[PDB]
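Novice: Below is a structure I'd like to ask you about.
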Amino acid sequence: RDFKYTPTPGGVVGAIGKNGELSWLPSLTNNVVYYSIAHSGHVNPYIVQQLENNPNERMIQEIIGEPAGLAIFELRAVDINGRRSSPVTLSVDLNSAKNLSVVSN
Amino acid sequence: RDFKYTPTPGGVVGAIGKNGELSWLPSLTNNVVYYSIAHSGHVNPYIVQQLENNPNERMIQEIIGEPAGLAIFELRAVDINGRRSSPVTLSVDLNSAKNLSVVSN
Amino acid sequence: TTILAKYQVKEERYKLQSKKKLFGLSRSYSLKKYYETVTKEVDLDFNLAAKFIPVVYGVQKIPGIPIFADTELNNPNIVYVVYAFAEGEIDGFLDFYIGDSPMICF
Amino acid sequence: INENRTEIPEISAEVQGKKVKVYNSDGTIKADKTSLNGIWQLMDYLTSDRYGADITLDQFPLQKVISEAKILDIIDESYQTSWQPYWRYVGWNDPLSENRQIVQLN
């Protein structure tokens with residue numbers, strides 16, 4: 001539920017090179033083990049383990065290092081039996097990182 | 001079986017900042033996949049994968065960096081079907097680390 | 001039943017234990033037929049005889065037929081489900097089998 | 001429902017059974033607890049218009065039924081009360097009492 005993308009703020013300590021983080025609510029199905037969100041550029045999807053089940057708590061998945069452009073995500077919920085839920089697709093104009101690194105040497 | 005906590009010895013090479021390690025015997029149920037021990041301070045539990053099943057071999061879970069105080073652990077065994085065992089609760093007066101780090105610079 | 005099925009395993013999705021397991025061996029049955037007819041669980045989507053309310057005399061174990069099931073609004077993982085056990089003024093409930101394990105251990 | 005009990009298990013219960021009217025020879029009527037006597041259970045099933053046939057208590061000789069109930073109430077001396085450890089869940093209510101009727105039905 002409520003699959004959204006939140007761009008990172010302007011200036012914050014740490015978070016160097018971090019793009020926006022993706023957030024969603026847990027599936028109402030109570031036997032889901034993890035979520036498999038598939039980024040367009042990456043060959044492998046992110047696997048987010050659901051270890052604590054609170055329906056009113058937002059799960060997060062941060063992006064670090066992906067260049068700005070057209071990024072299409074697909075979020076699924078995976079059961080214990082291996083059945084996948086219908087994907088939730090979100091195409092957002094990914095921003096450029098706004099927390100750069102300090103000049104070195 | 002035999003869920004215990006063993007404080008770390010006085011002086012040993014390495015093991016910097018390590019508190020005592022928790023030890024237990026494998027569950028007699030043979031289809032357990034992993035164990036989910038839930039530390040009080042930590043929001044997420046430790047997930048210990050059971051990859052080799054020998055009933056007479058002790059599994060371990062070390063603590064590094066937790067301050068001394070009242071720590072309450074709860075150990076469960078998780079099946080392939082997702083069923084959890086009855087938790088084993090152990091409240092031990094966690095010690096202070098006895099293998100400090102070397103002064104730097 | 002349909003609402004409750006969401007919070008169950010793929011198996012036992014629409015099932016209920018038979019109210020009476022053994023019923024009586026007489027000359028109307030043979031050993032093989034009698035012991036093959038005895039069933040453990042019945043599907044509730046095509047067995048309208050499984051929704052009748054039994055009557056119990058003495059201490060006996062009976063399954064519960066759901067008659068209501070709904071969750072809380074702001075706490076959707078808390079679900080209230082109502083099971084109708086037996087008929088008439090009963091003395092009380094001795095024990096409850098949450099799964100296959102009674103609350104009061106043997 | 002939380003991280004551990006992710007599914008609703010099948011619910012079953014052990015009820016003590018419907019209270020029945022036990023008729024005494026003098027004339028008083030005692031209906032406060034269920035009875036293991038077969039005749040009282042059959043009489044309850046036969047005089048109920050809610051479930052079963054509606055046979056009024058008028059069409060029943062009380063003295064004959066009372067006398068026949070004591071036949072099923074005869075104390076058996078073959079075994080000892082101490083030999084049943086699951087005394088509470090076989091219909092008995094107090095291990096000190098006799099509870100050794102010849103025929104007991106749950």
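Ligands are numbered from 1 in the order shown, residues from 1 within each chain, and chains are lettered A, B, ... in the order they appear in the structure tokens.
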When DSSP is applied to the backbone of this structure, which of stretch 52-95 of chain B are assigned strand (DSSP E or B)? Write them out as a list in words.
Specialist: residues 59, 60, 61, 62, 63, 64, 69, 70, 71, 72, 73, 74, 75, 77, 78, 79, 84, 88, 89, 90, 91, 92, 93 and 94 of chain B
Novice: Quick one: chain B onto chain A, least squares on all Cα paired in order, result as an mmCIF file with C-alpha atoms, in the first residue's frame?
Specialist:
data_model
loop_
_atom_site.group_PDB
_atom_site.id
_atom_site.type_symbol
_atom_site.label_atom_id
_atom_site.label_comp_id
_atom_site.auth_asym_id
_atom_site.auth_seq_id
_atom_site.Cartn_x
_atom_site.Cartn_y
_atom_site.Cartn_z
ATOM 1 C CA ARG B 1 0.000 0.000 0.000
ATOM 2 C CA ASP B 2 0.999 3.597 -0.773
ATOM 3 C CA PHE B 3 4.115 2.997 -2.862
ATOM 4 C CA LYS B 4 5.855 6.376 -3.075
ATOM 5 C CA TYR B 5 9.293 7.875 -3.671
ATOM 6 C CA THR B 6 10.659 10.697 -1.501
ATOM 7 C CA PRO B 7 13.640 12.746 -2.747
ATOM 8 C CA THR B 8 16.387 13.362 -0.210
ATOM 9 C CA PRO B 9 16.531 16.833 1.406
ATOM 10 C CA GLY B 10 19.047 19.545 0.555
ATOM 11 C CA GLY B 11 21.746 19.324 3.206
ATOM 12 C CA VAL B 12 22.160 16.705 5.934
ATOM 13 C CA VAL B 13 25.098 15.129 7.756
ATOM 14 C CA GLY B 14 26.096 11.856 6.151
ATOM 15 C CA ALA B 15 23.890 10.531 3.342
ATOM 16 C CA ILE B 16 26.646 11.194 0.791
ATOM 17 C CA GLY B 17 25.579 10.342 -2.742
ATOM 18 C CA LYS B 18 22.158 9.125 -1.598
ATOM 19 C CA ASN B 19 19.249 9.655 -3.969
ATOM 20 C CA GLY B 20 15.677 9.542 -2.710
ATOM 21 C CA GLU B 21 14.380 6.633 -0.653
ATOM 22 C CA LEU B 22 11.395 4.506 -1.655
ATOM 23 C CA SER B 23 8.664 3.901 0.914
ATOM 24 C CA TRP B 24 5.638 1.621 1.076
ATOM 25 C CA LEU B 25 3.240 0.159 3.588
ATOM 26 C CA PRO B 26 3.275 -3.566 4.431
ATOM 27 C CA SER B 27 0.909 -5.827 2.538
ATOM 28 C CA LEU B 28 -2.269 -6.699 4.413
ATOM 29 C CA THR B 29 -1.410 -10.356 3.840
ATOM 30 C CA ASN B 30 0.251 -11.477 7.056
ATOM 31 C CA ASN B 31 2.395 -14.359 5.738
ATOM 32 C CA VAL B 32 4.622 -12.256 3.466
ATOM 33 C CA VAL B 33 8.315 -12.905 4.112
ATOM 34 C CA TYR B 34 10.053 -10.270 1.985
ATOM 35 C CA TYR B 35 9.580 -7.813 -0.869
ATOM 36 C CA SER B 36 11.333 -7.902 -4.246
ATOM 37 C CA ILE B 37 11.547 -4.427 -5.772
ATOM 38 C CA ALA B 38 13.118 -4.462 -9.247
ATOM 39 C CA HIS B 39 14.997 -1.340 -10.314
ATOM 40 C CA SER B 40 15.240 -0.770 -14.062
ATOM 41 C CA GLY B 41 18.999 -0.291 -14.325
ATOM 42 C CA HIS B 42 19.993 -2.957 -11.815
ATOM 43 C CA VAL B 43 19.985 -6.546 -13.055
ATOM 44 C CA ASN B 44 19.095 -7.893 -9.614
ATOM 45 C CA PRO B 45 16.164 -6.652 -7.515
ATOM 46 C CA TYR B 46 16.455 -5.387 -3.967
ATOM 47 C CA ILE B 47 15.285 -7.966 -1.421
ATOM 48 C CA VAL B 48 13.770 -6.329 1.669
ATOM 49 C CA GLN B 49 13.085 -8.783 4.494
ATOM 50 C CA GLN B 50 9.910 -8.164 6.490
ATOM 51 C CA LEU B 51 11.051 -9.048 10.014
ATOM 52 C CA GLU B 52 8.662 -6.943 12.136
ATOM 53 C CA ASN B 53 5.030 -6.715 11.028
ATOM 54 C CA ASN B 54 3.299 -3.484 12.005
ATOM 55 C CA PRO B 55 0.645 -2.475 9.435
ATOM 56 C CA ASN B 56 0.957 1.267 10.169
ATOM 57 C CA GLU B 57 4.762 1.450 9.805
ATOM 58 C CA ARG B 58 6.415 2.455 6.546
ATOM 59 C CA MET B 59 9.124 0.232 5.077
ATOM 60 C CA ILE B 60 11.961 1.945 3.228
ATOM 61 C CA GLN B 61 14.455 1.207 0.439
ATOM 62 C CA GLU B 62 17.114 3.845 -0.185
ATOM 63 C CA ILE B 63 18.918 4.510 -3.468
ATOM 64 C CA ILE B 64 22.619 5.413 -3.365
ATOM 65 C CA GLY B 65 24.538 6.224 -6.543
ATOM 66 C CA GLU B 66 21.919 5.946 -9.199
ATOM 67 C CA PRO B 67 22.212 8.722 -11.811
ATOM 68 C CA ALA B 68 19.266 10.974 -12.547
ATOM 69 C CA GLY B 69 16.961 9.882 -15.334
ATOM 70 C CA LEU B 70 13.984 7.636 -15.978
ATOM 71 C CA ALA B 71 13.824 4.913 -13.312
ATOM 72 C CA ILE B 72 10.948 2.410 -13.249
ATOM 73 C CA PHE B 73 10.374 0.352 -10.100
ATOM 74 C CA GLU B 74 8.160 -2.697 -9.591
ATOM 75 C CA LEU B 75 7.314 -3.789 -6.041
ATOM 76 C CA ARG B 76 6.032 -7.268 -5.178
ATOM 77 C CA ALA B 77 5.214 -9.121 -1.962
ATOM 78 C CA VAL B 78 6.466 -12.702 -1.636
ATOM 79 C CA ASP B 79 4.721 -15.301 0.521
ATOM 80 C CA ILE B 80 6.124 -18.293 2.392
ATOM 81 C CA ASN B 81 4.659 -20.554 -0.308
ATOM 82 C CA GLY B 82 6.472 -18.624 -3.049
ATOM 83 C CA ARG B 83 3.404 -16.913 -4.513
ATOM 84 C CA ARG B 84 4.007 -13.350 -5.709
ATOM 85 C CA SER B 85 1.558 -10.477 -5.474
ATOM 86 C CA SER B 86 0.548 -8.293 -8.385
ATOM 87 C CA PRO B 87 3.383 -5.797 -8.972
ATOM 88 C CA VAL B 88 3.069 -2.115 -8.101
ATOM 89 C CA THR B 89 4.771 -0.026 -10.788
ATOM 90 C CA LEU B 90 6.152 3.466 -10.152
ATOM 91 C CA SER B 91 8.055 5.516 -12.728
ATOM 92 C CA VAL B 92 9.576 8.637 -11.170
ATOM 93 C CA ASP B 93 12.044 11.168 -12.566
ATOM 94 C CA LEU B 94 14.929 10.240 -10.285
ATOM 95 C CA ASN B 95 16.790 13.265 -8.963
ATOM 96 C CA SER B 96 20.508 13.986 -8.764
ATOM 97 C CA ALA B 97 22.187 13.451 -5.384
ATOM 98 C CA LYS B 98 22.048 16.640 -3.217
ATOM 99 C CA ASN B 99 24.449 15.470 -0.442
ATOM 100 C CA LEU B 100 27.850 15.363 -2.236
ATOM 101 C CA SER B 101 31.152 14.188 -0.694
ATOM 102 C CA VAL B 102 33.926 16.359 0.702
ATOM 103 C CA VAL B 103 36.874 17.184 -1.531
ATOM 104 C CA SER B 104 39.738 14.850 -0.648
ATOM 105 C CA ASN B 105 43.467 15.475 -0.230
#
Novice: Do you have the atom CA of residue D:73-atom CA of residue D:102 distance handy?
Specialist: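 Value for the atom CA of residue D:73-atom CA of residue D:102 distance: 6.3 Å.
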Novice: Just to confirm, what's the straight-line distance from atom CA of residue D:105 to atom CA of residue D:16 in Å (one decimal)?
Specialist: 12.3 Å
Novice: At most 8 Å is the cut-off: for each residue in stretch 7-106 of chain D with any atom that close to an atom of stretch 77-100 of chain C, write down the nearest atom pair and the distance in Å rounded to one decimal, counting only C-alpha atoms, chain first then increasing number, as CSV.
Specialist:
residue,atom,partner,partner_atom,distance
D:9,CA,C:99,CA,4.8
D:10,CA,C:99,CA,5.2
D:11,CA,C:98,CA,5.1
D:12,CA,C:97,CA,4.9
D:13,CA,C:96,CA,4.3
D:14,CA,C:95,CA,5.3
D:15,CA,C:93,CA,4.4
D:16,CA,C:91,CA,5.5
D:17,CA,C:90,CA,4.8
D:18,CA,C:90,CA,4.0
D:19,CA,C:90,CA,5.8
D:33,CA,C:91,CA,6.4
D:34,CA,C:91,CA,6.9
Novice: Kindly save the residues from that selection, with N, CA and C atoms included, as a PDB file, in the first residue's frame.
Specialist:
ATOM      1  N   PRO D   9      -5.146 -20.282  13.520  1.00  0.00           N
ATOM      2  CA  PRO D   9      -5.248 -21.741  13.573  1.00  0.00           C
ATOM      3  C   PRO D   9      -6.688 -22.197  13.741  1.00  0.00           C
ATOM      4  N   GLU D  10      -6.919 -23.474  13.436  1.00  0.00           N
ATOM      5  CA  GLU D  10      -8.249 -24.052  13.578  1.00  0.00           C
ATOM      6  C   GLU D  10      -8.633 -24.135  15.048  1.00  0.00           C
ATOM      7  N   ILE D  11      -9.799 -23.589  15.387  1.00  0.00           N
ATOM      8  CA  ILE D  11     -10.241 -23.462  16.771  1.00  0.00           C
ATOM      9  C   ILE D  11     -11.205 -24.589  17.105  1.00  0.00           C
ATOM     10  N   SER D  12     -10.926 -25.291  18.199  1.00  0.00           N
ATOM     11  CA  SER D  12     -11.813 -26.319  18.720  1.00  0.00           C
ATOM     12  C   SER D  12     -11.863 -26.172  20.232  1.00  0.00           C
ATOM     13  N   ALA D  13     -12.947 -26.657  20.822  1.00  0.00           N
ATOM     14  CA  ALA D  13     -13.156 -26.468  22.250  1.00  0.00           C
ATOM     15  C   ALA D  13     -13.756 -27.729  22.843  1.00  0.00           C
ATOM     16  N   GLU D  14     -13.568 -27.882  24.148  1.00  0.00           N
ATOM     17  CA  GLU D  14     -14.127 -28.996  24.913  1.00  0.00           C
ATOM     18  C   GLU D  14     -15.207 -28.436  25.833  1.00  0.00           C
ATOM     19  N   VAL D  15     -16.458 -28.548  25.409  1.00  0.00           N
ATOM     20  CA  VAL D  15     -17.578 -28.053  26.193  1.00  0.00           C
ATOM     21  C   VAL D  15     -17.988 -29.114  27.206  1.00  0.00           C
ATOM     22  N   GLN D  16     -18.748 -28.691  28.215  1.00  0.00           N
ATOM     23  CA  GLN D  16     -19.256 -29.614  29.219  1.00  0.00           C
ATOM     24  C   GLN D  16     -20.672 -30.089  28.921  1.00  0.00           C
ATOM     25  N   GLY D  17     -21.384 -29.425  28.022  1.00  0.00           N
ATOM     26  CA  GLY D  17     -22.636 -29.960  27.534  1.00  0.00           C
ATOM     27  C   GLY D  17     -23.848 -29.239  28.098  1.00  0.00           C
ATOM     28  N   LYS D  18     -24.982 -29.448  27.431  1.00  0.00           N
ATOM     29  CA  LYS D  18     -26.228 -28.794  27.795  1.00  0.00           C
ATOM     30  C   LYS D  18     -26.757 -29.340  29.114  1.00  0.00           C
ATOM     31  N   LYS D  19     -27.277 -28.447  29.955  1.00  0.00           N
ATOM     32  CA  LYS D  19     -27.893 -28.863  31.206  1.00  0.00           C
ATOM     33  C   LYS D  19     -29.210 -29.578  30.931  1.00  0.00           C
ATOM     34  N   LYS D  33     -26.949 -28.933  36.162  1.00  0.00           N
ATOM     35  CA  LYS D  33     -25.745 -29.481  35.557  1.00  0.00           C
ATOM     36  C   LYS D  33     -26.134 -30.529  34.527  1.00  0.00           C
ATOM     37  N   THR D  34     -25.235 -30.763  33.578  1.00  0.00           N
ATOM     38  CA  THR D  34     -25.442 -31.829  32.613  1.00  0.00           C
ATOM     39  C   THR D  34     -25.330 -33.184  33.302  1.00  0.00           C
TER      40      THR D  34
END
Novice: Using only C-alpha atoms, which residue out of D:66, D:20, D:39, D:1 lies closest to residue C:57?
Specialist: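 Result for the nearest residue to residue C:57: D:20.
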Novice: Select residues of chain C: the criterion is any atom within 10 Å of an atom of chain A, counting only C-alpha atoms; output as a list in words.
Specialist: residues 6, 7, 8, 9, 10, 74, 75, 76 and 77 of chain C
Novice: I'd like to know which of D:35, D:47, D:2, D:97 is closest to residue D:75, using only C-alpha atoms.
Specialist: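 Looking only at the distances to residue D:75, the closest residue turns out to be D:97.
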Novice: Smallest atom-to-atom distance to residue D:24: which of D:70, D:5, D:59, D:45, using only C-alpha atoms?
Specialist: D:70
Novice: Distance table requested - stretch 2-73 of chain C against stretch 84-93 of chain D, cut-off 9 Å, only C-alpha atoms: one row per qualifying residue with the closest atom pair and its distance in Å to one decimal, ordered by chain and rising residue number, as JSON lines.
Specialist:
{"residue": "C:58", "atom": "CA", "partner": "D:91", "partner_atom": "CA", "distance": 5.6}
{"residue": "C:59", "atom": "CA", "partner": "D:91", "partner_atom": "CA", "distance": 5.3}
{"residue": "C:60", "atom": "CA", "partner": "D:89", "partner_atom": "CA", "distance": 8.1}
Novice: Could you make a table, as a tab-separated table, of the residues of chain D that have an atom within 9 Å of an atom of chain B, each with its nearest atom pair and distance in Å to one decimal, counting only C-alpha atoms, in chain and number order?
Specialist:
residue	atom	partner	partner_atom	distance
D:4	CA	B:84	CA	5.8
D:5	CA	B:83	CA	7.3
D:6	CA	B:82	CA	7.9
D:7	CA	B:83	CA	9.0
Novice: Pick from D:49, D:3, D:36, D:28: nearest to chain C, with only C-alpha atoms counted?
Specialist: D:36
Novice: To one decimal in Å, tell me the separation between atom CA of residue D:61 and atom CA of residue D:100.
Specialist: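 Atom CA of residue D:61 sits 26.9 Å away from atom CA of residue D:100.
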